[PDB]
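Undergrad: Pasting the sequence and an experimental structure:
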2 protein chains.
Amino acid sequence: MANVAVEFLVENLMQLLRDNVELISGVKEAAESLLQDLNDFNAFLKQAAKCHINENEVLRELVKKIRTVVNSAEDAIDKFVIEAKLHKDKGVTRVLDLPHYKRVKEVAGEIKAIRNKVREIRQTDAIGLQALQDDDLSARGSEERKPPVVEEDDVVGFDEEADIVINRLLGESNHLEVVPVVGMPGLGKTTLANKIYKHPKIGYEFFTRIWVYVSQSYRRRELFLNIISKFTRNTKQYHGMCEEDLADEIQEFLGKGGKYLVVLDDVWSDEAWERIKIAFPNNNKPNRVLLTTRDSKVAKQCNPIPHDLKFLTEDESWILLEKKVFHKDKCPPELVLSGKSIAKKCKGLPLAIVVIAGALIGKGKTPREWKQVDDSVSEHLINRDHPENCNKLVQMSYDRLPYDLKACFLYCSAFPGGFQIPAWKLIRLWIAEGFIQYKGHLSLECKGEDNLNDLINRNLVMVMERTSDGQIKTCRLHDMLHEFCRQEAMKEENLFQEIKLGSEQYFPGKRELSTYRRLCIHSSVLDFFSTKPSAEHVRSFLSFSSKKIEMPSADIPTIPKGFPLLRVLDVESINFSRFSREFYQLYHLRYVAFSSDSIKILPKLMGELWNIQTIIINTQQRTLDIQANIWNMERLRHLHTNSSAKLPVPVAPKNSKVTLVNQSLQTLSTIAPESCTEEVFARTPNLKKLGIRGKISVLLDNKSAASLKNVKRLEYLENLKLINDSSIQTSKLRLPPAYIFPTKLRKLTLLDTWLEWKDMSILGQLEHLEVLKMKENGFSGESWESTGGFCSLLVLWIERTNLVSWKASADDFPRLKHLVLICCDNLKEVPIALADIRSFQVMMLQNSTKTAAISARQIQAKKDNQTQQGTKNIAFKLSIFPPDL
Amino acid sequence: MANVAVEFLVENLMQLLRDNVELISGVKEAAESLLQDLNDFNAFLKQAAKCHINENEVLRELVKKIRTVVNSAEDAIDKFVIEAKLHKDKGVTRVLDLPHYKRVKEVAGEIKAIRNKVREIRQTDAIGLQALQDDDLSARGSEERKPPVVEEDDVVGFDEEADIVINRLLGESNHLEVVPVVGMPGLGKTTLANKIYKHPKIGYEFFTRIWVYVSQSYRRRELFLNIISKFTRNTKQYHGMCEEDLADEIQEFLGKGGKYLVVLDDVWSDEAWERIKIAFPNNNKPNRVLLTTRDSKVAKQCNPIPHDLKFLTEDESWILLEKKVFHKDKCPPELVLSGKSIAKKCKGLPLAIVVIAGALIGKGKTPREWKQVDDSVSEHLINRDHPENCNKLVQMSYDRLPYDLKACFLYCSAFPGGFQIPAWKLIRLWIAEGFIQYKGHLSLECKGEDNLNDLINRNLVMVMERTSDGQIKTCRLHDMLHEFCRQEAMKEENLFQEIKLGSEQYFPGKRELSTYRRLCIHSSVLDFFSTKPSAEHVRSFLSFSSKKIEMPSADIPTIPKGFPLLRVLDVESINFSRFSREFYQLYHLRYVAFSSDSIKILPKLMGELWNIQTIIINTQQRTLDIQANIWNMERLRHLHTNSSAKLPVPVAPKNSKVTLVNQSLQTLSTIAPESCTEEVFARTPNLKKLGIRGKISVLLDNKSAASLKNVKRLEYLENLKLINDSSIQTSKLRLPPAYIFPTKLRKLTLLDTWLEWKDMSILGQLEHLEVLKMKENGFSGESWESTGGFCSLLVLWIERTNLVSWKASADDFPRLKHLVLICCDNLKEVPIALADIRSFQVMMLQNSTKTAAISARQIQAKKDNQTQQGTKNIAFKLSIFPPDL
Ligand SMILES: O=P(O)(O)O[C@H]1[C@@H](OP(=O)(O)O)[C@@H](OP(=O)(O)O)[C@@H](OP(=O)(O)O)[C@@H](OP(=O)(O)O)[C@@H]1OP(=O)(O)O
Ligand SMILES: O=P(O)(O)O[C@H]1[C@H](OP(=O)(O)O)[C@@H](OP(=O)(O)O)[C@H](OP(=O)(O)O)[C@@H](OP(=O)(O)O)[C@H]1OP(=O)(O)O
Ligand SMILES: Nc1ncnc2c1ncn2[C@@H]1O[C@H](COP(=O)(O)OP(=O)(O)O)[C@@H](O)[C@H]1O
Ligand SMILES: Nc1ncnc2c1ncn2[C@@H]1O[C@H](COP(=O)(O)OP(=O)(O)O)[C@@H](O)[C@H]1O
């Protein structure tokens, strides 16, 4: 939508005028003029949006060229800004910088012609404003939306295929067999196969169970490395071994672990199965493979008997729609006939019905909306076999979205097919692109999380992984939605364009690449950069690859010089050895991610990019030294890192009264303990997440820095992590008293502190802490005895400890819901008093002593009797690692 | 040929037995038995080769099974070598090395199994050549092959096509019309183009003329870079800007010098034309493009009138056949009729005439041989349209090559089709690959050049360029010939395999790779190594990519670990930042050629190797410290580079009587001036080609360590090159006395020495000097007065010198043949006395004063008058790069 670009340009111009007067100084009148005209433009596009522009040709004619004239302005202003900052570097103290001030004033001549153009067009727009304001529709207020807790996890009317499949498997002893499943896209082969892979009988039967996704763009060796990973810890060794030997190693590991069930998803080409099957050892055991698909030929080839999936009958259809649109509550009677007619209109496709329930949630729950939706569906599914019917249905759902979500959905279609989207990165990309604008009081990140939850609710985006906290950790887009969104973006809106290279084709020429605004290259990238492209109007550049590619020493300069107007640059999948000066000459850079293996210092010139919001760095060295004045970069909001970062020593200005305290700074992913000082925390009042890697001892000792005591100043801090990199128990470490920590702290992580279990009382004293995660021998001992305090703790996580005896009472953990016990191969039993807590719902116990498993089964039987006893308890689910136990 | 493999194994086994008793100490008995078995079986293989091999299957089966055991013996022997060297590396002083000595005894058991297999072949038949001994064919002696002679520079029957093409240009000025040349394969379009391009009218008609070769796998950017690099000297910019901008610059430069005539060779598809045609924007000038295409559709798309290359007429065909087979001499009357039958059977395809001429010259000059050849040609040229006729003719020609020369002719397809092959690289490769073996007294490289001349004489190898010396410089195979050799090698013999992946195809599995003995890649080797392939039976690797490519630091150790028995490592188009230690266990390496841009030190572990013969490095480091002990490598024949290599100080051991005098060394291209001490020359009695690069004044001055005086000691030196990197003239340099130079010096090159023409007398005194090359103001001054001495000189190269006045008489250069003057914008006139030099053959003049051009025209007129007077003076040739001069 043109509104997005208009708003972003207005905001950036305002920020540049307020903040940096000197750069814009030669053209201030033109800046203010463009500001007024863009405000008026935005109002006009809103008024046009109120109407159905597609209904009138004149309205559609009017919108065109609103966007091009706006685009011409953005270009001229940005070129001017970069030119004048280069002038500042020139340091021409001449009063009249006649040489090359006439170049920045050539850009200003373009600016002036552009201001003249914008003054025009605005006069024509004033014509037809009154006529447009005569008409309006959908005059209503805005309501709230609510978080997407799990709902309808049960699968309507699909027990039949589940039981048939679970029956078929385990037929012939000592045979490696494959179970094909087919059925048109959106039917639910993955959903049913998930229900199988999570049915109790399957987990009872086979010990090893691997979930594997194999699309068309799948890679064989990438898959083998990960499957070997399922068994062992490190794959960096097998980065240097052949696929065949890798196939052999997977075979040995998989054969060792008794039986095995392996799931490969959405296969496309029979040769794909032919190649992948090698790793599986046919060692004369009843091991079952479960592949699903869409094409019939491959299913038939891999086994002469494919099990075809089934459509949902009319009743299943209506019940499913009722569930999705009305969630737990039951439908009010008046809409029943409408909903049943729509369900019948669907023909029993779970995908069409699901998206339609999303559209109904979007419209409302009033009879007029239901009748209109019924009429529209009765029109857009006249055929069955044509997939574009699903596209028409999704378009109908899509039309009702707010334009802000319209931008986010398309931009979520940017990622490659089959790629699992990291939610935090997706939110930060949305922020840096300008799709989320200040409205209200929520922090930008919270608004982004709410937007993602909204998109999940109407069933456009399917969630894949969730956190311990219950939040979302990784999402993606179903194939049909990906195709519809990609076509809509690359064709209509020109949001972005992709450059995947088919056989016997060439990367476009400079004239074509001239008309792009964003690039995505998810295929051979070094090949596009060996050509030395040049497109002055590329603002973003995305490359979400699978492997890590090295960048040749003679090829580093190409990105900075080819695209001198970047804003977003995510090349996390490309490893750099260094950087060139043109890099530090990129002055519009907002988002910047990159990897590296020999980087140790963040050069100081990097602090001259005065618009950076986000920074993400990967480095193999333990210590990363930062020399750029991050206290100078006003708008910095995040600084991620995987090594231990050594922040610079802060100094306030001497001749300037102004103090350097960043109000908008929310993260310091991993800083060294040496910098956990009073001043570092004086400068970050609003900090919400902090991490410290290094030798946690320096913190805990009270000589060098009362560092844990320094932590008291961060009032809003809500997440902390203590990572120790020393591998030597030089002394014993002691946590300070529980009045030093912040009050809202909600999630803590320890790793190799090696603390004594008596200190757990201090943590019990904390009030709001909701998740405790101690990994890799965080607390050392053999005797912990609960002493109360964990009033609100919701998830407990213990991994790689030598604890033996634990003792508690049902009043120690009143709100427990989740309990994680990993790699505790020296614990004996879990206290049974944990079976008394009502909310205790999920437990898991990995690589643990079998006596603990027997006690856990006792606890499960206890809670089963409780729920049987008429209490309104939440259902009980257990998990014990041993297949036998 | 299998005899080649048997002989290679025999020679290596004898070498290993002689040099190191320890390496074969455990299995010396079976090794010697295998050696004698190989000798007798090679006698058997020769006896088989005496009888027809192509026509008999049982005979091939007899000799077959011996090649397999020979390959297996090679594998096991190299395995034992690497294993014994690994034992040495372990440095176990135990009398009984309980770990790994049983593994080596099992490898000895494998060696004994191969010995048993060879003895089993001998048991099946004591010799197996009794039937072969009964029948003998082709008994005759081996006589001389003539030294190469440039001959038949005239083209027969294509002059009328040349006239028609030269009538095409001047068709319509102020326009761009493409000339299409269309013909069947081996027809001679490219010869007609190479003629017309060389026509005096063409050079006079256009000041600028370009020759461009459009292969099937052409890349546009590299072609444009070549066109640009033609005109200018500096290209640091054009490596940085894009191919659209590159074509724009090509337009600019071709328009700077007015009208131009460019040639595109062997256009295959239409897209080639559509994309290359944008680089010739007509500047409303009379511009012509010459396009040779085998296909016709592309020609019609280029221009609705393609120039149709006719077939040779019968008389033209015969004059060709007699010229080729007989060279200057005419056809003897008795062979006239057999020749006429052969030529009339050729159907006019000149390539058939040429290949049959090669077959005749190889066979001999007797009527029975001519009749046999004619009958075969009749038998195999029944049809007309099928190109496979040429494959059949080539097969006839090939069955007659000497088995050594057969192996030589083949494996030339290992170099990708269409690639100019440096002759020196081919010769050194043949030497390293055991292809050329010690037979007689000729030096290995001399025998290699002899073989290459022999092949070229047979007209199976084409020469692209020569030298003022007239020595072959670069050679390439014809398209059809390259295709034939490719199919031959990859199918019937298994000399090498070409891993060229389509879009669908994937790289081979390790299983397929197991049966390969030589690898040739010509597509992405980066991706090939990305799959991390492995192979033990691989001895040769070649990848002639067009560009230079980097090896990611994680991909560096792939080649060693995958290939532990590597001999020929042809990776010169690959870049190496560093080397894994696994490189330094490749005890089977014979040939190492590789690039780099940061390598400053060759590690001492490089010296550990012993089997290498050639070392080749092109680094951009101005210095290259060589810390390997080269003096301990006896078989080092060649250490080629372009850097100012600083050799290690030759130190004799304190407790050894062995003289570290390497009797195999032949060349030290660009050693450091500091490294020219009496010792290093004293270690190399047989040095043949030397050149220095660095601070040469350190060589000249007597106070300085007298390097140039010591250079006398090399009695076998024949090639000397002196190069100065010092751009600063801190003093004037003076040459030593004439006697100090080696007696047998024959070619000299001077760059950046800025000598004083008064010294030219000293160089005159040199008795044997035959090539002189002064460049980069080699001699600094304004007036030259030649004083004689250059009795045996033949060619004179003057480039970028500020000479003003030259005075010479005909008595100074009685035997000289070639004058050339590059960029002498200072030179006034050329001594007209040089016109009296009978031997004077060809003159060239580039970017000189027009006065020199007019005086050169005077000299040309004088020579034309001389020959017009009845003197048997050789034809003279004049050429001026700018015709305006
Ligand atoms: O062995 P050299 O005495 O050093 O001469 C050779 C050779 O010159 P000749 O034709 O006289 O044998 C090549 O031929 P030209 O170029 O001189 O015609 C030349 O090839 P390039 O200049 O193309 O490289 C080559 O150069 P290189 O050392 O790179 O192999 C090098 O002569 P120069 O090095 O002095 O140019
Ligand atoms: O499951 P989560 O709720 O995501 O909690 C953590 C945490 O994530 P958050 O701090 O954002 O909540 C870490 O995030 P990052 O370190 O990447 O910033 C991540 O990595 P760590 O191990 O270093 O804590 C870790 O993932 P994992 O432990 O698997 O590596 C993950 O916990 P999960 O195990 O559930 O992913
Ligand atoms: N039996 C069912 N009941 C309700 N919804 C379903 C059912 N089966 C699939 N779905 C819906 O379909 C989507 C899952 O996609 P799916 O059909 O499994 O992809 P594919 O079948 O193409 O692999 C989800 O939105 C899910 O809610
Ligand atoms: N005299 C000639 N007449 C016709 N074609 C020729 C002649 N000489 C070379 N050719 C062409 O050159 C190619 C092979 O040339 P070749 O026999 O090597 O001679 P040259 O060394 O002069 O090129 C073929 O395409 C052939 O048609």
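TA: Arrived safely. Residues are numbered from 1 along each chain as shown, chains lettered A, B, ... in the order given. Ligands and ions are numbered 1, 2, ... in the order given.
Undergrad: Next one: residue A:677 relative to ligand 1, how far apart?
TA: For residue A:677, the distance to ligand 1 (C-beta to the nearest ligand atom, to the nearest Å) stands at 60 Å. Quick note: C-beta positions are derived from backbone N, CA and C, even for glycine.
Undergrad: Look up how far residue A:703 lies from that residue.
TA: 14 Å (C-beta to C-beta, to the nearest Å).
Undergrad: For the stretch 601-750 of chain A, just list every one of the strands.
TA: A:601-602, A:614-618, A:623-626, A:644-646, A:667-671, A:689-694, A:720-724, A:747-751 (DSSP state E, counting those that start in this stretch).
Undergrad: rewinding a little: more neighbours, residue A:677 and residue A:703?
TA: Shown here are residue A:677 and residue A:703; by other C-beta atoms under 10 Å in any protein chain shown, residue A:677 has more neighbours (16 against 6).
Undergrad: close enough to count as contact, the more buried one and residue A:711?
TA: No: under the criterion of C-beta atoms under 8 Å, residue A:677 is not in contact with residue A:711, lying 10.9 Å apart.
Undergrad: how about the nearest residue to residue A:458, chain neighbours excluded?
TA: Counting by C-beta to C-beta, 6 or more residues apart in numbering or on different chains, residue A:458 lies nearest to residue A:358, which is 3.4 Å off, once chain neighbours are set aside.
Undergrad: for residue A:291, same thing?
TA: Nearest to residue A:291 is residue A:264, by C-beta to C-beta, 6+ apart, at 4.7 Å.
Undergrad: How about residue A:419?
TA: residue A:544 (5.7 Å).
Undergrad: And the closest residue to residue A:149 other than its chain neighbours, how close does it get to ligand 2?
TA: Of all residues not flanking residue A:149 in the chain, residue A:470 sits nearest, at 7.9 Å (C-beta to C-beta, 6+ apart). Residue A:470 sits at a distance of 9 Å from ligand 2 (criterion: C-beta to the nearest ligand atom).
Undergrad: what residues does the stretch 501-650 of chain A put near ligand 2?
TA: Counting by C-beta under 6 Å from any ligand atom, no residue of the stretch 501-650 of chain A lies close to ligand 2.
Undergrad: any chance you could map the helices in the stretch 501-650 of chain A?
TA: A:510-514, A:526-529, A:558-562, A:581-584 (DSSP state H, counting those that start in this stretch).
Undergrad: Same check on the stretch 651-800 of chain A?
TA: A:678-682, A:696-700, A:707-710, A:760-765.
Undergrad: what does the stretch 351-500 of chain A give?
TA: Under DSSP H, counting those that start in this stretch, the stretch 351-500 of chain A gives helices at A:367-380, A:388-399, A:403-412, A:423-433, A:444-457, A:479-488.
Undergrad: helices and strands around the fifth one, which ones?
TA: Packing partners of helix A:444-457 (3 or more C-beta pairs under 8 Å, 6 or more residues apart in numbering or on different chains; DSSP states H and E): helix A:403-412, helix A:423-433, strand A:472-476.
Undergrad: Now do the contacts for the closest residue to ligand 3 within chain A.
TA: At 2.8 Å from ligand 3, residue A:188 is the closest residue in chain A, using C-beta to the nearest ligand atom. By C-beta atoms under 8 Å, 6 or more residues apart in numbering or on different chains, the residues touching residue A:188 are A:155, A:158, A:309, A:350.
Undergrad: what's the neighbour count on the third one?
TA: Right, residue A:309. As a burial measure, residue A:309 scores 16 neighbours (other C-beta under 10 Å).
Undergrad: what sits against it?
TA: A:161, A:181, A:182, A:183, A:187, A:188, A:189, A:192.
Undergrad: Filter these down to the ones in helices?
TA: Taking DSSP state H, the ones among those that sit in helices are A:161, A:189, A:192.
Undergrad: Go through these and say which is closest to chain B.
TA: The nearest member of the ones in helices among the contacts of residue A:309 to chain B, counting by C-beta to the nearest C-beta, is residue A:189 at 26.4 Å.
Undergrad: what's the burial count for that closest one?
TA: With other C-beta under 10 Å as criterion, residue A:189 counts 23.
Undergrad: re the thing from before, that's a strand at the residue nearest to residue A:291, yeah?
TA: Yes: counting by DSSP: H, G, I helix; E, B strand; the rest coil, residue A:264 is located in a strand.
Undergrad: hang on, the earlier thing: now render the contacts of residue A:309 as CSV, adding distance to residue B:397.
TA: Listed next are those as CSV, based on distance: C-beta to C-beta, whole Å:
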residue, distance to residue B:397
A:161, 69
A:181, 61
A:182, 59
A:183, 63
A:187, 65
A:188, 68
A:189, 62
A:192, 68
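Undergrad: Run a quick neighbour tally on the residue nearest to residue A:149.
TA: By other C-beta under 10 Å, neighbour count at residue A:470 equals 15.
Undergrad: swap in the one 4 residues further on?
TA: Residue A:474 is surrounded by 16 other residues when neighbours are defined as other C-beta under 10 Å.
Undergrad: show me what contacts it?
TA: A:420, A:421, A:422, A:423, A:463, A:464, A:465.
Undergrad: sorry, back to before: identify the farthest-apart pair in the contacts of residue A:188.
TA: Taking C-beta to C-beta as the measure, those span a maximum distance of 12.4 Å, between A:155 and A:309.
Undergrad: hang on, the earlier thing: could you redo the helices of the stretch 651-800 of chain A as a markdown table and give each row distance to ligand 2?
TA: Formatted as a markdown table, those follow (distance: least, C-beta to the nearest ligand atom, whole Å):
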| stretch | distance to ligand 2 |
| --- | --- |
| helix A:678-682 | 19 |
| helix A:696-700 | 15 |
| helix A:707-710 | 19 |
| helix A:760-765 | 18 |
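Undergrad: I'd like those as JSON lines, with mean neighbour count appended.
TA: Formatted as JSON lines, the helices of the stretch 651-800 of chain A follow (neighbours: other C-beta atoms under 10 Å in any protein chain shown):
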{"stretch": "helix A:678-682", "mean neighbour count": "16"}
{"stretch": "helix A:696-700", "mean neighbour count": "21"}
{"stretch": "helix A:707-710", "mean neighbour count": "20"}
{"stretch": "helix A:760-765", "mean neighbour count": "18"}
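Undergrad: Looking at the ones you listed, spot the one closest to residue A:659.
TA: Closest among the helices of the stretch 651-800 of chain A, using C-beta to C-beta: helix A:678-682, at 9.5 Å.
Undergrad: which helices and strands sit right next to that closest one?
TA: Against helix A:678-682 (3+ C-beta pairs under 8 Å, 6+ apart) you get no helix or strand.
Undergrad: ok, back up a step: between the helices of the stretch 651-800 of chain A, which gets nearest to residue B:589?
TA: Here helix A:696-700 is closest among the helices of the stretch 651-800 of chain A (C-beta to C-beta), at 50.6 Å.
Undergrad: Contacts for that closest one, please.
TA: By C-beta under 8 Å, 6+ apart, the list of residues contacting helix A:696-700 reads A:673-674, A:676, A:692, A:704-705, A:707-708, A:722-724, A:726, A:730-731, A:733-736, A:752-753.
Undergrad: cutoff 10 Å now
TA: A:672-674, A:676, A:692, A:704-711, A:722-726, A:728, A:730-736, A:750-755 (C-beta atoms under 10 Å, 6 or more residues apart in numbering or on different chains).
Undergrad: Narrow those residues to those that are buried.
TA: Burial by neighbour count, 16 or more other C-beta atoms under 10 Å in any protein chain shown: within those this picks out A:672-674, A:676, A:692, A:705-711, A:722-725, A:733, A:735-736, A:750-755.
Undergrad: Please state the offset of stretch A:429-447 from the chain centre?
TA: 15 Å (C-alpha atoms, centre = their mean, to the nearest Å).
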